[PDB]
Structure formats: structure tokens, C-alpha cells
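To start, the structure itself, in C-alpha cells.
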Amino acid sequence: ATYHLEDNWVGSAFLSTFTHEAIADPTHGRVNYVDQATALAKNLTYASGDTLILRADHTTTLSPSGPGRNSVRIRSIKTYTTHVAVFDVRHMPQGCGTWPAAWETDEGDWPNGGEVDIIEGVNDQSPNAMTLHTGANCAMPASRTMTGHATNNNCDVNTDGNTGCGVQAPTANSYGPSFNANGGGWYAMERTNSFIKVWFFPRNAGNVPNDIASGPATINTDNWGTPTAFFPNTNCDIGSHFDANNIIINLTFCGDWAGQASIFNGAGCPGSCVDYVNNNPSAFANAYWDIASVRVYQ
Ligand SMILES: *[C@@]1(O[C@@H]2[C@@H](O)[C@H](O)O[C@H](CO)[C@H]2O)O[C@H](CO)[C@@H](O)[C@H](O)[C@H]1O
Ligand SMILES: *[C@@H]1O[C@H](CO)[C@@H](O)[C@H](O)[C@H]1NC(C)=O
């Protein structure tokens, strides 16, 4: 469909159009999410020119008894239903223990207002995962047109184990150190009543739609080729499982996914996640988002 620019966020714009959520981490990570004033004072958020940086503290050795590693979780003030969101991302956090995400949800009624994870993973483990989390009666067909690979087809968190219904991107450079070495790329998500789609295009893609790469004020997703992840309405009333969602971009550490010993050690990371995060500040120098723009269309 054809959509038109609704929000154009670059650099300092994010400081007026998002807030920082200074909240206990819902995912129980070894993180201290700071507010906007604190993030700016500590240079954990840097928002100027055509750059937004969102980063972990990479200097403090943590008291094991004290709070987690300082980081940020930013949330759009506006909410969205049928829309397209495009993320031009130069760098995403990397490092053992890291759990970055770019996603949408309604925190106030979770999971009943839905959740779509656009960029997400843990402990540098490529590829990217794109996932819906919903309430009851929302599943995905075994076969549908997309370039990625489905991993779980029941989206209902109550009957899947909060895995959600996920799709793995087909290339390594969708995530992690591989993505960063390649200069990142573009993630786009289209949500309608009938489906959710996510596309990933590498920075060096010869075939990235101009609509995505250059951010004109008018776009037409008919022209974007096959999505990386497709969540059709075959077995899920998409519109009834999602309501008005905020956009969230965050970085946590350890917690309910990344911090599991089998997962953390399985990735080759040493010892316990919490001890690693406490004691290795320098290892988080590359635990940053560098975002060129986020644009929303409706
Ligand atoms: C919930 O957590 C989500 C999780 O479902 C997904 O793996 O990706 C998100 C970002 O990585 C992560 O936050 O978040 C909701 C809303 O904050 C909570 O209600 C819920 O308890 C978390 O599990
Ligand atoms: C804050 O972080 C930015 C981005 O990493 C960096 O370029 C800058 O030098 C830092 N500012 C100060 C005053 O140290």
C-alpha cells in the first residue's frame, strides 16, 4: 500500500519525541535503565547531527550488591496502529550478555495489545529474530511467502511459553557483529489489519528499495519485494490482537533470555552473565546503537 510520512526522527529529534523509561527491567536483566537527563549527563544517549547513539556504560566496574549496568530504553511518545516504521541502523549493540531490541508494544495491557519484535537477539548470536507475542488464538501457517525461516508458529504467550511466533532472518549480517562489520542496514515493518511484515536490507544491498534507503515522504510497499518475515492473518486476526503500540529501542543485559547459563555459555561467553557484565566494562564499548533515522508512515 501507499503511505505518507507521519514522523521523521533524526538526531536531536529523538529527545523530544521519545522518553527514556527509567523502569525496573521487565525482562529481569543486569541493567539500570536511566532517565533522559541521566542518560544525557552520562553520555549514554547522544543525539546530534544525523546520529543517535544509545549505549551501555563501558567504564564502571559494578558493585555486585548495587544496580545493574547503566543503559537506556527509549519509547516513542506517539502510538501507532496501521503504519510502516523504517529504521536506518549503522550499528547495534554487541558483546557477551547483550540483549538489544527494536520493537513495538502496548506495555499497559501486555500481551493483549500485542508485541512485534523487529530487531532482537542475544549474546551476539546471529541471525536476527522477528517475533509476535499476543494473547489467545493467534497462530501462523506452516508455509507463507517470506525469505526467513519460521521457528514457532503459535504467537499466544499463554500457550507457547512467551516464545511468541518467530521468524529467523536468512543471513548472518542481519544481526550482531556480522551486521556491525557490514555497516548495519535497514529494517522496515509494515502493520495492517491483515498482516505484519518485516524486511531487512543489508547496508551494501544492491536491491534495497529507494523508499526504504532514502526515506522520501511517500512510499509504496507494493514495490518492496518479498518480506523477510511475514505474519499473515490466516490463523490470527491481526487487528484484534494488536492495538495502538509505542516504538521501543533498548539494550538490556543477561535476564530471562540472554542470562540463561545454557544460552550465555552456549554462545561461548565465559562464567556467569551477571559476573561478566559487572566486571568487564571495557567489553561493552561496542554495546551501542548508532541510528541514522527512524521514520514512520501512515
Ligand atoms: C516483555 O518482554 C519482551 C519479550 O517478549 C521479547 O523477547 O522482546 C522484548 C525486547 O527484547 C522484551 O522486552 O515485555 C513486556 C512489556 O514491557 C512485559 O510485560 C513482559 O513481562 C516482558 O516479558
Ligand atoms: C559522547 O559520545 C559520543 C558518541 O560516542 C562521542 O563522540 C563524544 O565524544 C562523547 N562526548 C564526550 C563529551 O565525551
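All values below were derived from every heavy atom in this structure, side-chain atoms included, with hydrogens, water molecules and symmetry-related copies excluded. Along the sequence shown, the residues carry numbers beginning at 1.
The aromatic rings of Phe179 and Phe200 lie tilted to each other, with the angle between the two planes from 30° to 60°. Between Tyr276 and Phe284, the ring planes are perpendicular. Angles over 60° get that label, and only those under 30° would be called parallel. Relative orientation of the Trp9 and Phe14 rings is tilted, given thresholds of 30° and 60° on the angle between their planes.
Disulfide criterion (SG-SG under 2.5 Å) for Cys138 and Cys236: met. Distance check for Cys155 and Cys165: the SG atoms are under the 2.5 Å cut-off.
Looking at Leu132 and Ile238, their side chains come closer than 4.5 Å, going by heavy atoms from C-beta outward. Within the 4.5 Å cutoff, no side-chain heavy atoms of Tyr80 are placed close to those of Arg191. In this structure, the side chains of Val86 and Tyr297 come closer than 4.5 Å at one or more pairs of heavy atoms. Counting only heavy atoms from C-beta outward, the side chains of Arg30 and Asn278 approach each other to under 4.5 Å.
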| Are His133 and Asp160 close enough, and set up right, to give a side-chain hydrogen bond (donor to acceptor under 3.5 Å, both in side chains), and what steps lead you there? | CA-CA 10 Å; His133 303 245; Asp160 66 28; over 6 Å; no

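In summary, the side chains of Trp103 and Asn250 do present a donor paired with an acceptor at a separation below 3.5 Å, with no hydrogens or angles considered.
A 6.0 Å sphere centred on CG of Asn137 holds no more than 12 heavy atoms belonging to other residues, nucleotides or ligands.
Expressed to the nearest 0.5 Å, how far CZ of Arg73 lies from CG of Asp35 amounts to 15.0 Å.
Under the side-chain hydrogen bond (donor to acceptor under 3.5 Å, both in side chains) rule, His83 has a single partner from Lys78, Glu104, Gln298, which is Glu104.
In this structure, the side chain of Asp106 does not engage the main chain of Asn245 through any donor-acceptor pair within 3.5 Å.
Between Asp50 and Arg90 there is a salt bridge, with a side-chain nitrogen of the basic residue lying less than 4.0 Å from a carboxylate oxygen of the acidic one.
A cation-pi geometry, defined here as NZ or CZ lying under 6.0 Å from the six-membered ring centre and within 45° of its normal, holds between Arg203 and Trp186.
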